[PDB]
file input03.pdb (PDB, N, CA and C atoms)
ATOM      1  N   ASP I 398       2.791 -24.431   7.139
ATOM      2  CA  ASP I 398       3.340 -24.475   5.789
ATOM      3  C   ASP I 398       4.861 -24.535   5.881
ATOM      4  N   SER I 399       5.460 -25.570   5.291
ATOM      5  CA  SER I 399       6.895 -25.812   5.397
ATOM      6  C   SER I 399       7.542 -25.878   4.021
ATOM      7  N   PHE I 400       8.646 -25.148   3.856
ATOM      8  CA  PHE I 400       9.402 -25.137   2.610
ATOM      9  C   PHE I 400      10.821 -24.666   2.903
ATOM     10  N   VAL I 401      11.711 -24.885   1.937
ATOM     11  CA  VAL I 401      13.099 -24.432   2.011
ATOM     12  C   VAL I 401      13.323 -23.384   0.931
ATOM     13  N   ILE I 402      13.928 -22.259   1.317
ATOM     14  CA  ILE I 402      14.207 -21.143   0.422
ATOM     15  C   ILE I 402      15.604 -20.610   0.702
ATOM     16  N   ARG I 403      16.072 -19.772  -0.214
ATOM     17  CA  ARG I 403      17.332 -19.068  -0.046
ATOM     18  C   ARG I 403      17.226 -18.054   1.091
ATOM     19  N   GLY I 404      18.379 -17.750   1.699
ATOM     20  CA  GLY I 404      18.419 -16.808   2.811
ATOM     21  C   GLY I 404      17.954 -15.410   2.448
ATOM     22  N   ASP I 405      18.267 -14.968   1.227
ATOM     23  CA  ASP I 405      17.829 -13.659   0.749
ATOM     24  C   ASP I 405      16.312 -13.560   0.653
ATOM     25  N   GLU I 406      15.641 -14.659   0.318
ATOM     26  CA  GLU I 406      14.206 -14.658   0.067
ATOM     27  C   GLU I 406      13.368 -14.817   1.329
ATOM     28  N   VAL I 407      14.001 -14.895   2.506
ATOM     29  CA  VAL I 407      13.273 -14.990   3.774
ATOM     30  C   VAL I 407      12.409 -13.750   3.993
ATOM     31  N   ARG I 408      12.911 -12.579   3.578
ATOM     32  CA  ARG I 408      12.151 -11.333   3.678
ATOM     33  C   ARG I 408      10.873 -11.386   2.843
ATOM     34  N   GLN I 409      10.922 -12.068   1.693
ATOM     35  CA  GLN I 409       9.766 -12.199   0.811
ATOM     36  C   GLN I 409       8.614 -12.974   1.442
ATOM     37  N   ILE I 410       8.873 -13.819   2.441
ATOM     38  CA  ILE I 410       7.782 -14.503   3.129
ATOM     39  C   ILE I 410       7.243 -13.564   4.201
ATOM     40  N   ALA I 411       6.520 -12.540   3.765
ATOM     41  CA  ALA I 411       5.897 -11.553   4.631
ATOM     42  C   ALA I 411       4.679 -11.013   3.898
ATOM     43  N   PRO I 412       3.697 -10.451   4.616
ATOM     44  CA  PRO I 412       2.557  -9.828   3.926
ATOM     45  C   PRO I 412       2.972  -8.632   3.077
ATOM     46  N   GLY I 413       2.431  -8.583   1.862
ATOM     47  CA  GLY I 413       2.692  -7.511   0.909
ATOM     48  C   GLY I 413       4.140  -7.315   0.514
ATOM     49  N   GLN I 414       4.871  -8.405   0.316
ATOM     50  CA  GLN I 414       6.258  -8.373  -0.125
ATOM     51  C   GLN I 414       6.336  -8.896  -1.549
ATOM     52  N   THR I 415       7.067  -8.190  -2.405
ATOM     53  CA  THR I 415       7.177  -8.544  -3.814
ATOM     54  C   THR I 415       8.549  -9.160  -4.086
ATOM     55  N   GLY I 416       8.539 -10.361  -4.648
ATOM     56  CA  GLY I 416       9.756 -11.086  -4.968
ATOM     57  C   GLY I 416       9.404 -12.228  -5.893
ATOM     58  N   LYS I 417      10.443 -12.911  -6.382
ATOM     59  CA  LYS I 417      10.231 -14.093  -7.217
ATOM     60  C   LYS I 417       9.507 -15.205  -6.460
ATOM     61  N   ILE I 418       9.904 -15.446  -5.208
ATOM     62  CA  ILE I 418       9.254 -16.457  -4.377
ATOM     63  C   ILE I 418       7.816 -16.055  -4.079
ATOM     64  N   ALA I 419       7.604 -14.785  -3.732
ATOM     65  CA  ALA I 419       6.262 -14.298  -3.438
ATOM     66  C   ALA I 419       5.365 -14.332  -4.669
ATOM     67  N   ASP I 420       5.885 -13.916  -5.827
ATOM     68  CA  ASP I 420       5.064 -13.884  -7.033
ATOM     69  C   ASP I 420       4.750 -15.281  -7.560
ATOM     70  N   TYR I 421       5.735 -16.186  -7.597
ATOM     71  CA  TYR I 421       5.517 -17.446  -8.296
ATOM     72  C   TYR I 421       5.596 -18.707  -7.445
ATOM     73  N   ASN I 422       5.928 -18.626  -6.155
ATOM     74  CA  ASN I 422       6.076 -19.842  -5.357
ATOM     75  C   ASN I 422       5.124 -19.870  -4.167
ATOM     76  N   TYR I 423       5.329 -19.027  -3.155
ATOM     77  CA  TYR I 423       4.486 -18.993  -1.965
ATOM     78  C   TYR I 423       4.017 -17.562  -1.757
ATOM     79  N   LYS I 424       2.707 -17.364  -1.639
ATOM     80  CA  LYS I 424       2.140 -16.033  -1.466
ATOM     81  C   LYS I 424       1.440 -15.911  -0.120
ATOM     82  N   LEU I 425       1.755 -14.837   0.612
ATOM     83  CA  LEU I 425       1.107 -14.515   1.875
ATOM     84  C   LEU I 425       0.109 -13.384   1.662
ATOM     85  N   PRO I 426      -1.110 -13.493   2.185
ATOM     86  CA  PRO I 426      -2.058 -12.373   2.111
ATOM     87  C   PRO I 426      -1.636 -11.213   3.000
ATOM     88  N   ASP I 427      -2.020  -9.992   2.597
ATOM     89  CA  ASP I 427      -1.652  -8.809   3.380
ATOM     90  C   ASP I 427      -2.261  -8.871   4.778
ATOM     91  N   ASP I 428      -3.501  -9.341   4.879
ATOM     92  CA  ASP I 428      -4.227  -9.455   6.137
ATOM     93  C   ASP I 428      -3.879 -10.729   6.929
ATOM     94  N   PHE I 429      -2.778 -11.403   6.582
ATOM     95  CA  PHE I 429      -2.381 -12.655   7.219
ATOM     96  C   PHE I 429      -2.077 -12.450   8.695
ATOM     97  N   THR I 430      -2.607 -13.340   9.525
ATOM     98  CA  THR I 430      -2.300 -13.348  10.946
ATOM     99  C   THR I 430      -1.648 -14.680  11.298
ATOM    100  N   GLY I 431      -0.461 -14.602  11.879
ATOM    101  CA  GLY I 431       0.310 -15.784  12.187
ATOM    102  C   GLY I 431       1.782 -15.432  12.283
ATOM    103  N   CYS I 432       2.600 -16.473  12.419
ATOM    104  CA  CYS I 432       4.032 -16.317  12.634
ATOM    105  C   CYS I 432       4.831 -17.037  11.558
ATOM    106  N   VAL I 433       5.806 -16.334  10.987
ATOM    107  CA  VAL I 433       6.737 -16.896  10.015
ATOM    108  C   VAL I 433       8.020 -17.246  10.756
ATOM    109  N   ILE I 434       8.414 -18.515  10.706
ATOM    110  CA  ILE I 434       9.592 -19.006  11.413
ATOM    111  C   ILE I 434      10.596 -19.507  10.384
ATOM    112  N   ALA I 435      11.812 -18.953  10.407
ATOM    113  CA  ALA I 435      12.884 -19.354   9.502
ATOM    114  C   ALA I 435      14.169 -19.625  10.274
ATOM    115  N   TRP I 436      14.854 -20.719   9.933
ATOM    116  CA  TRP I 436      16.151 -21.022  10.528
ATOM    117  C   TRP I 436      17.083 -21.579   9.462
ATOM    118  N   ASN I 437      18.379 -21.303   9.629
ATOM    119  CA  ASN I 437      19.398 -21.770   8.691
ATOM    120  C   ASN I 437      19.480 -23.292   8.683
ATOM    121  N   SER I 438      19.455 -23.868   7.485
ATOM    122  CA  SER I 438      19.507 -25.311   7.295
ATOM    123  C   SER I 438      20.694 -25.735   6.442
ATOM    124  N   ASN I 439      21.766 -24.932   6.452
ATOM    125  CA  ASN I 439      22.931 -25.181   5.602
ATOM    126  C   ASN I 439      23.556 -26.548   5.855
ATOM    127  N   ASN I 440      23.684 -26.939   7.130
ATOM    128  CA  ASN I 440      24.383 -28.172   7.502
ATOM    129  C   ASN I 440      23.722 -29.419   6.917
ATOM    130  N   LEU I 441      22.393 -29.464   6.887
ATOM    131  CA  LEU I 441      21.701 -30.653   6.404
ATOM    132  C   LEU I 441      21.190 -30.546   4.972
ATOM    133  N   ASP I 442      20.831 -29.356   4.489
ATOM    134  CA  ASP I 442      20.241 -29.246   3.160
ATOM    135  C   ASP I 442      21.255 -29.002   2.046
ATOM    136  N   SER I 443      22.517 -28.728   2.369
ATOM    137  CA  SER I 443      23.545 -28.466   1.370
ATOM    138  C   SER I 443      24.496 -29.650   1.282
ATOM    139  N   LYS I 444      24.761 -30.101   0.061
ATOM    140  CA  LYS I 444      25.719 -31.163  -0.201
ATOM    141  C   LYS I 444      26.669 -30.715  -1.305
ATOM    142  N   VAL I 445      27.846 -31.345  -1.360
ATOM    143  CA  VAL I 445      28.884 -30.897  -2.283
ATOM    144  C   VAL I 445      28.493 -31.323  -3.691
ATOM    145  N   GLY I 446      28.747 -30.450  -4.665
ATOM    146  CA  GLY I 446      28.312 -30.694  -6.015
ATOM    147  C   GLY I 446      26.929 -30.155  -6.283
TER     148      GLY I 446
ATOM    149  N   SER R 943     -27.435  46.268  -5.130
ATOM    150  CA  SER R 943     -26.880  46.189  -3.779
ATOM    151  C   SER R 943     -27.915  45.740  -2.754
ATOM    152  N   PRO R 944     -29.184  46.126  -2.949
ATOM    153  CA  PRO R 944     -30.266  45.721  -2.052
ATOM    154  C   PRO R 944     -30.414  44.204  -2.002
ATOM    155  N   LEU R 945     -30.192  43.532  -3.130
ATOM    156  CA  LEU R 945     -30.286  42.082  -3.229
ATOM    157  C   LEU R 945     -28.985  41.406  -2.805
ATOM    158  N   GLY R 946     -28.081  42.188  -2.208
ATOM    159  CA  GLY R 946     -26.805  41.691  -1.741
ATOM    160  C   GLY R 946     -26.912  40.581  -0.717
ATOM    161  N   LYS R 947     -27.930  40.617   0.149
ATOM    162  CA  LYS R 947     -28.130  39.534   1.115
ATOM    163  C   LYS R 947     -28.406  38.193   0.426
ATOM    164  N   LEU R 948     -29.278  38.199  -0.592
ATOM    165  CA  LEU R 948     -29.546  36.993  -1.376
ATOM    166  C   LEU R 948     -28.324  36.572  -2.178
ATOM    167  N   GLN R 949     -27.490  37.544  -2.542
ATOM    168  CA  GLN R 949     -26.325  37.186  -3.329
ATOM    169  C   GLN R 949     -25.214  36.697  -2.417
ATOM    170  N   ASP R 950     -25.160  37.199  -1.179
ATOM    171  CA  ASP R 950     -24.257  36.665  -0.165
ATOM    172  C   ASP R 950     -24.562  35.205   0.128
ATOM    173  N   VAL R 951     -25.851  34.844   0.201
ATOM    174  CA  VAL R 951     -26.209  33.441   0.441
ATOM    175  C   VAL R 951     -25.736  32.556  -0.715
ATOM    176  N   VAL R 952     -25.969  33.008  -1.958
ATOM    177  CA  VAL R 952     -25.512  32.251  -3.131
ATOM    178  C   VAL R 952     -23.982  32.162  -3.175
ATOM    179  N   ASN R 953     -23.297  33.272  -2.876
ATOM    180  CA  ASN R 953     -21.836  33.312  -2.884
ATOM    181  C   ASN R 953     -21.232  32.409  -1.815
ATOM    182  N   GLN R 954     -21.805  32.406  -0.604
ATOM    183  CA  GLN R 954     -21.298  31.546   0.465
ATOM    184  C   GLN R 954     -21.444  30.076   0.104
ATOM    185  N   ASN R 955     -22.596  29.694  -0.466
ATOM    186  CA  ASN R 955     -22.779  28.298  -0.865
ATOM    187  C   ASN R 955     -21.814  27.906  -1.985
ATOM    188  N   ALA R 956     -21.634  28.794  -2.973
ATOM    189  CA  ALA R 956     -20.720  28.525  -4.081
ATOM    190  C   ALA R 956     -19.279  28.414  -3.597
ATOM    191  N   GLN R 957     -18.873  29.306  -2.685
ATOM    192  CA  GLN R 957     -17.528  29.279  -2.123
ATOM    193  C   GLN R 957     -17.288  27.998  -1.335
ATOM    194  N   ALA R 958     -18.292  27.556  -0.564
ATOM    195  CA  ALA R 958     -18.154  26.327   0.218
ATOM    196  C   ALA R 958     -17.987  25.112  -0.687
ATOM    197  N   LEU R 959     -18.780  25.039  -1.768
ATOM    198  CA  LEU R 959     -18.618  23.943  -2.724
ATOM    199  C   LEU R 959     -17.265  23.992  -3.419
ATOM    200  N   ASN R 960     -16.811  25.192  -3.798
ATOM    201  CA  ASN R 960     -15.510  25.335  -4.448
ATOM    202  C   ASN R 960     -14.376  24.913  -3.524
ATOM    203  N   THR R 961     -14.466  25.275  -2.241
ATOM    204  CA  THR R 961     -13.454  24.883  -1.263
ATOM    205  C   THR R 961     -13.428  23.368  -1.083
ATOM    206  N   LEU R 962     -14.615  22.747  -1.032
ATOM    207  CA  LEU R 962     -14.719  21.292  -0.913
ATOM    208  C   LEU R 962     -14.091  20.584  -2.108
ATOM    209  N   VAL R 963     -14.384  21.064  -3.318
ATOM    210  CA  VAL R 963     -13.797  20.479  -4.522
ATOM    211  C   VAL R 963     -12.283  20.712  -4.568
ATOM    212  N   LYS R 964     -11.821  21.911  -4.178
ATOM    213  CA  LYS R 964     -10.388  22.226  -4.157
ATOM    214  C   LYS R 964      -9.610  21.347  -3.187
ATOM    215  N   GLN R 965     -10.242  20.926  -2.083
ATOM    216  CA  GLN R 965      -9.574  20.081  -1.090
ATOM    217  C   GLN R 965      -9.133  18.724  -1.643
ATOM    218  N   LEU R 966      -9.652  18.300  -2.803
ATOM    219  CA  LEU R 966      -9.228  17.051  -3.424
ATOM    220  C   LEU R 966      -7.849  17.145  -4.066
ATOM    221  N   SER R 967      -7.248  18.330  -4.097
ATOM    222  CA  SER R 967      -5.903  18.537  -4.605
ATOM    223  C   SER R 967      -4.888  18.562  -3.475
ATOM    224  N   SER R 968      -5.349  18.373  -2.244
ATOM    225  CA  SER R 968      -4.515  18.400  -1.054
ATOM    226  C   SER R 968      -3.994  16.999  -0.765
ATOM    227  N   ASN R 969      -2.671  16.888  -0.618
ATOM    228  CA  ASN R 969      -2.033  15.612  -0.298
ATOM    229  C   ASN R 969      -2.465  15.057   1.055
ATOM    230  N   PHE R 970      -2.622  15.931   2.063
ATOM    231  CA  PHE R 970      -2.921  15.563   3.460
ATOM    232  C   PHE R 970      -1.815  14.689   4.050
ATOM    233  N   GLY R 971      -0.575  14.951   3.648
ATOM    234  CA  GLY R 971       0.576  14.199   4.096
ATOM    235  C   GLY R 971       0.896  12.975   3.268
ATOM    236  N   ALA R 972       0.069  12.649   2.280
ATOM    237  CA  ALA R 972       0.336  11.549   1.370
ATOM    238  C   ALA R 972       1.313  11.998   0.290
ATOM    239  N   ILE R 973       1.888  11.014  -0.408
ATOM    240  CA  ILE R 973       2.839  11.301  -1.481
ATOM    241  C   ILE R 973       2.175  12.082  -2.615
ATOM    242  N   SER R 974       0.944  11.725  -2.976
ATOM    243  CA  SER R 974       0.230  12.425  -4.034
ATOM    244  C   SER R 974      -1.254  12.498  -3.705
ATOM    245  N   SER R 975      -1.907  13.529  -4.246
ATOM    246  CA  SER R 975      -3.356  13.657  -4.124
ATOM    247  C   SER R 975      -4.079  12.565  -4.905
ATOM    248  N   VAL R 976      -3.538  12.183  -6.062
ATOM    249  CA  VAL R 976      -4.178  11.199  -6.929
ATOM    250  C   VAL R 976      -4.080   9.810  -6.308
ATOM    251  N   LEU R 977      -5.230   9.138  -6.183
ATOM    252  CA  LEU R 977      -5.267   7.772  -5.665
ATOM    253  C   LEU R 977      -4.580   6.795  -6.615
ATOM    254  N   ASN R 978      -4.807   6.972  -7.923
ATOM    255  CA  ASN R 978      -4.256   6.075  -8.939
ATOM    256  C   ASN R 978      -2.734   6.113  -8.961
ATOM    257  N   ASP R 979      -2.146   7.303  -8.798
ATOM    258  CA  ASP R 979      -0.691   7.434  -8.754
ATOM    259  C   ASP R 979      -0.113   6.672  -7.567
ATOM    260  N   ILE R 980      -0.781   6.770  -6.411
ATOM    261  CA  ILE R 980      -0.356   6.067  -5.203
ATOM    262  C   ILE R 980      -0.415   4.562  -5.419
ATOM    263  N   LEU R 981      -1.507   4.081  -6.026
ATOM    264  CA  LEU R 981      -1.661   2.649  -6.267
ATOM    265  C   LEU R 981      -0.627   2.137  -7.264
ATOM    266  N   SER R 982      -0.388   2.894  -8.339
ATOM    267  CA  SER R 982       0.557   2.474  -9.368
ATOM    268  C   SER R 982       1.996   2.467  -8.859
ATOM    269  N   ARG R 983       2.392   3.464  -8.064
ATOM    270  CA  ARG R 983       3.795   3.566  -7.677
ATOM    271  C   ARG R 983       4.140   2.886  -6.354
ATOM    272  N   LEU R 984       3.187   2.237  -5.686
ATOM    273  CA  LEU R 984       3.437   1.643  -4.376
ATOM    274  C   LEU R 984       2.829   0.252  -4.275
ATOM    275  N   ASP R 985       3.412  -0.551  -3.380
ATOM    276  CA  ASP R 985       2.897  -1.874  -3.076
ATOM    277  C   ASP R 985       1.581  -1.695  -2.310
ATOM    278  N   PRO R 986       0.675  -2.685  -2.335
ATOM    279  CA  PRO R 986      -0.681  -2.504  -1.718
ATOM    280  C   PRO R 986      -0.691  -2.132  -0.235
ATOM    281  N   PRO R 987       0.140  -2.713   0.669
ATOM    282  CA  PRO R 987       0.111  -2.190   2.059
ATOM    283  C   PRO R 987       0.556  -0.730   2.186
ATOM    284  N   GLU R 988       1.643  -0.354   1.502
ATOM    285  CA  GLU R 988       2.102   1.034   1.528
ATOM    286  C   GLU R 988       1.066   1.943   0.884
ATOM    287  N   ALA R 989       0.469   1.469  -0.218
ATOM    288  CA  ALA R 989      -0.566   2.238  -0.888
ATOM    289  C   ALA R 989      -1.762   2.431   0.028
ATOM    290  N   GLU R 990      -2.156   1.387   0.781
ATOM    291  CA  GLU R 990      -3.301   1.502   1.688
ATOM    292  C   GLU R 990      -3.016   2.539   2.772
ATOM    293  N   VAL R 991      -1.763   2.614   3.244
ATOM    294  CA  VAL R 991      -1.419   3.585   4.288
ATOM    295  C   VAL R 991      -1.519   5.017   3.749
TER     296      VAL R 991
END
call {"tool": "encode", "arguments": {"input": "input03.pdb", "output": "structure tokens"}}
result
Amino acid sequence: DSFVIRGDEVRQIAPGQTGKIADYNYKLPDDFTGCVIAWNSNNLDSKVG
Amino acid sequence: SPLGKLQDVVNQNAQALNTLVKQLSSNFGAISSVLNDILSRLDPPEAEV
């Protein structure tokens, strides 16, 4: 599963975490088994304006 | 007083049941004895713990 989120909301991509992203965008089950991988994408995903 | 042995048996059983019922007021290291309070005030993984 691949998506782009704010740096603050990286914590929300975890089992049993409550946030705007967790509630209304991407939800992880508490019993989820797997690995969450996040890396900064500022250089390519941010443009001026 | 002669029937004290039969009354000791009744008293011991009543005391054991009372102790068992009273144990439901014991936190056992949890935040609260009440299950509903734990569920309402905590996220599901923390509540499960």
call {"tool": "closest_atom_pairs", "arguments": {"input": "input03.pdb", "of": "chain R", "to": "chain I", "cutoff": "7 Å", "atoms": "all atoms listed in the file", "output": "JSON lines"}}
result
{"residue": "R:985", "atom": "CA", "partner": "I:413", "partner_atom": "C", "distance": 6.6}
{"residue": "R:986", "atom": "N", "partner": "I:413", "partner_atom": "CA", "distance": 6.2}
{"residue": "R:987", "atom": "N", "partner": "I:413", "partner_atom": "CA", "distance": 5.4}
call {"tool": "atom_distance", "arguments": {"input": "input03.pdb", "atom1": "atom C of residue 977 of chain R", "atom2": "atom N of residue 425 of chain I"}}
result
23.7 Å
call {"tool": "resolve_selection", "arguments": {"input": "input03.pdb", "expression": "the PyMOL selection byres ((chain I and resi 432-438) around 8)", "output": "PDB file with N, CA and C atoms, in the frame of the given file"}}
result
ATOM      1  N   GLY I 404      18.379 -17.750   1.699  1.00  0.00           N
ATOM      2  CA  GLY I 404      18.419 -16.808   2.811  1.00  0.00           C
ATOM      3  C   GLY I 404      17.954 -15.410   2.448  1.00  0.00           C
ATOM      4  N   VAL I 407      14.001 -14.895   2.506  1.00  0.00           N
ATOM      5  CA  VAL I 407      13.273 -14.990   3.774  1.00  0.00           C
ATOM      6  C   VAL I 407      12.409 -13.750   3.993  1.00  0.00           C
ATOM      7  N   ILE I 410       8.873 -13.819   2.441  1.00  0.00           N
ATOM      8  CA  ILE I 410       7.782 -14.503   3.129  1.00  0.00           C
ATOM      9  C   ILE I 410       7.243 -13.564   4.201  1.00  0.00           C
ATOM     10  N   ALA I 411       6.520 -12.540   3.765  1.00  0.00           N
ATOM     11  CA  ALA I 411       5.897 -11.553   4.631  1.00  0.00           C
ATOM     12  C   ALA I 411       4.679 -11.013   3.898  1.00  0.00           C
ATOM     13  N   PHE I 429      -2.778 -11.403   6.582  1.00  0.00           N
ATOM     14  CA  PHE I 429      -2.381 -12.655   7.219  1.00  0.00           C
ATOM     15  C   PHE I 429      -2.077 -12.450   8.695  1.00  0.00           C
ATOM     16  N   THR I 430      -2.607 -13.340   9.525  1.00  0.00           N
ATOM     17  CA  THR I 430      -2.300 -13.348  10.946  1.00  0.00           C
ATOM     18  C   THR I 430      -1.648 -14.680  11.298  1.00  0.00           C
ATOM     19  N   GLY I 431      -0.461 -14.602  11.879  1.00  0.00           N
ATOM     20  CA  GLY I 431       0.310 -15.784  12.187  1.00  0.00           C
ATOM     21  C   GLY I 431       1.782 -15.432  12.283  1.00  0.00           C
ATOM     22  N   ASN I 439      21.766 -24.932   6.452  1.00  0.00           N
ATOM     23  CA  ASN I 439      22.931 -25.181   5.602  1.00  0.00           C
ATOM     24  C   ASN I 439      23.556 -26.548   5.855  1.00  0.00           C
ATOM     25  N   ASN I 440      23.684 -26.939   7.130  1.00  0.00           N
ATOM     26  CA  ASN I 440      24.383 -28.172   7.502  1.00  0.00           C
ATOM     27  C   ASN I 440      23.722 -29.419   6.917  1.00  0.00           C
ATOM     28  N   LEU I 441      22.393 -29.464   6.887  1.00  0.00           N
ATOM     29  CA  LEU I 441      21.701 -30.653   6.404  1.00  0.00           C
ATOM     30  C   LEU I 441      21.190 -30.546   4.972  1.00  0.00           C
ATOM     31  N   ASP I 442      20.831 -29.356   4.489  1.00  0.00           N
ATOM     32  CA  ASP I 442      20.241 -29.246   3.160  1.00  0.00           C
ATOM     33  C   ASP I 442      21.255 -29.002   2.046  1.00  0.00           C
ATOM     34  N   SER I 443      22.517 -28.728   2.369  1.00  0.00           N
ATOM     35  CA  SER I 443      23.545 -28.466   1.370  1.00  0.00           C
ATOM     36  C   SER I 443      24.496 -29.650   1.282  1.00  0.00           C
TER      37      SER I 443
END
call {"tool": "atom_distance", "arguments": {"input": "input03.pdb", "atom1": "atom CA of residue 991 of chain R", "atom2": "atom CA of residue 965 of chain R"}}
result
19.2 Å
call {"tool": "atom_distance", "arguments": {"input": "input03.pdb", "atom1": "atom CA of residue 981 of chain R", "atom2": "atom C of residue 424 of chain I"}}
result
19.8 Å
call {"tool": "select_by_dssp", "arguments": {"input": "input03.pdb", "residues": "chain I", "states": "alpha helix (DSSP H)", "output": "PyMOL selection string"}}
result
chain I and resi 417-421+439-442
call {"tool": "resolve_selection", "arguments": {"input": "input03.pdb", "expression": "the PyMOL selection byres (((chain R and resi 972 and name CA) around 12) and name CA)", "output": "JSON, numbers by chain"}}
result
{"R": [967, 968, 969, 970, 971, 973, 974, 975, 976, 977, 979, 980, 981, 984, 988, 989, 990, 991]}
call {"tool": "build_atoms", "arguments": {"input": "input03.pdb", "residues": "segment 954-970 of chain R", "atoms": "N, CA, C and O atoms", "output": "compact mmCIF listing (two decimals), in the coordinates of the input"}}
result
# COMPACT_ATOMS: atom_id res chain seq x y z
N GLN R 954 -21.80 32.41 -0.60
CA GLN R 954 -21.30 31.55 0.46
C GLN R 954 -21.44 30.08 0.10
O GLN R 954 -20.52 29.28 0.34
N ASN R 955 -22.60 29.69 -0.47
CA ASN R 955 -22.78 28.30 -0.86
C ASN R 955 -21.81 27.91 -1.98
O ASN R 955 -21.22 26.81 -1.95
N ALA R 956 -21.63 28.79 -2.97
CA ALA R 956 -20.72 28.52 -4.08
C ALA R 956 -19.28 28.41 -3.60
O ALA R 956 -18.53 27.53 -4.05
N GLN R 957 -18.87 29.31 -2.68
CA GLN R 957 -17.53 29.28 -2.12
C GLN R 957 -17.29 28.00 -1.34
O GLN R 957 -16.20 27.42 -1.40
N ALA R 958 -18.29 27.56 -0.56
CA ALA R 958 -18.15 26.33 0.22
C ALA R 958 -17.99 25.11 -0.69
O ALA R 958 -17.13 24.25 -0.43
N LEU R 959 -18.78 25.04 -1.77
CA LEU R 959 -18.62 23.94 -2.72
C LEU R 959 -17.26 23.99 -3.42
O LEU R 959 -16.63 22.95 -3.62
N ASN R 960 -16.81 25.19 -3.80
CA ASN R 960 -15.51 25.34 -4.45
C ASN R 960 -14.38 24.91 -3.52
O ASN R 960 -13.42 24.28 -3.97
N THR R 961 -14.47 25.28 -2.24
CA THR R 961 -13.45 24.88 -1.26
C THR R 961 -13.43 23.37 -1.08
O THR R 961 -12.35 22.76 -1.04
N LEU R 962 -14.62 22.75 -1.03
CA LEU R 962 -14.72 21.29 -0.91
C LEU R 962 -14.09 20.58 -2.11
O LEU R 962 -13.37 19.60 -1.94
N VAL R 963 -14.38 21.06 -3.32
CA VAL R 963 -13.80 20.48 -4.52
C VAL R 963 -12.28 20.71 -4.57
O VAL R 963 -11.52 19.81 -4.93
N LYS R 964 -11.82 21.91 -4.18
CA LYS R 964 -10.39 22.23 -4.16
C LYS R 964 -9.61 21.35 -3.19
O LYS R 964 -8.42 21.08 -3.42
N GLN R 965 -10.24 20.93 -2.08
CA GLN R 965 -9.57 20.08 -1.09
C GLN R 965 -9.13 18.72 -1.64
O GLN R 965 -8.31 18.06 -1.01
N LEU R 966 -9.65 18.30 -2.80
CA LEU R 966 -9.23 17.05 -3.42
C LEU R 966 -7.85 17.14 -4.07
O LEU R 966 -7.33 16.12 -4.53
N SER R 967 -7.25 18.33 -4.10
CA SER R 967 -5.90 18.54 -4.61
C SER R 967 -4.89 18.56 -3.48
O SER R 967 -3.70 18.76 -3.72
N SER R 968 -5.35 18.37 -2.24
CA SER R 968 -4.51 18.40 -1.05
C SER R 968 -3.99 17.00 -0.76
O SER R 968 -4.77 16.04 -0.72
N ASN R 969 -2.67 16.89 -0.62
CA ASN R 969 -2.03 15.61 -0.30
C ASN R 969 -2.46 15.06 1.06
O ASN R 969 -2.61 13.84 1.20
N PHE R 970 -2.62 15.93 2.06
CA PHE R 970 -2.92 15.56 3.46
C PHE R 970 -1.82 14.69 4.05
O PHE R 970 -2.07 13.79 4.85
